[PDB]
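Since the structure comes first, as structure tokens, the remarks are kept for the end.
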């Protein structure tokens, strides 16, 4: 509260570390469904169904231009990529499986790096 602060967690490496994690996700073999925005002119249903599209390229631009205020807002966008994937794709499809594998990969790097 006013004039009563919890001790300062060092956040000065967060930017560099989120960039490393993002590089690792970009270079994973199962990243291919997620590298670029889904083409909303060519994929029926996507525009109407998926209220907040997100992809790795869009996260990379936001990170590079100071659009994440902290590491939690970065993790929210990464999870949104996988949540959207589960919404639109059957678990037993190549893309549905890619999404489960990538979420698992992310969540381990997140815990090992920060928790």
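In the authors' numbering, the protein residues as written are 1856 to 1970.
Each residue gets a CB set at the ideal place from its N, CA and C atoms; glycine is no exception.
What first and last residue would you give for the alpha helix (DSSP H) that runs through residue i?
| i | result |
| --- | --- |
| residue 1893 | Here residue 1893 belongs to no alpha helix (DSSP H), and DSSP marks it neither H nor E. |
| residue 1917 | 1911-1919 |
Would you identify the three-state DSSP class for residue i, choosing helix, strand or coil?
| i | result |
| --- | --- |
| residue 1904 | helix |
| residue 1946 | coil |
| residue 1883 | coil |
| residue 1925 | coil |
| residue 1858 | coil |
| residue 1867 | coil |
| residue 1964 | helix |
| residue 1888 | helix |
| residue 1959 | helix |
For residue i, which option in the options has the closest C-alpha, if you only look at C-alpha atoms?
| i | options | result |
| --- | --- | --- |
| residue 1910 | 1936, 1931, 1960 and 1917 | 1936 |
| residue 1943 | 1907, 1870 and 1860 | 1907 |
| residue 1905 | 1890, 1938 and 1860 | 1938 |
| residue 1912 | 1864, 1882 and 1953 | 1882 |
| residue 1925 | 1871, 1880 and 1901 | 1871 |
| residue 1914 | 1970, 1860 and 1874 | 1874 |
| residue 1969 | 1919, 1922, 1949 and 1869 | 1869 |
| residue 1941 | 1857, 1889 and 1916 | 1889 |
| residue 1953 | 1858, 1885 and 1856 | 1885 |
Exposed or buried, what is residue i when buried is set at 16 or more other beta-carbons lying within 10 Å of its beta-carbon?
| i | result |
| --- | --- |
| residue 1957 | buried |
| residue 1933 | buried |
| residue 1877 | buried |
| residue 1857 | exposed |
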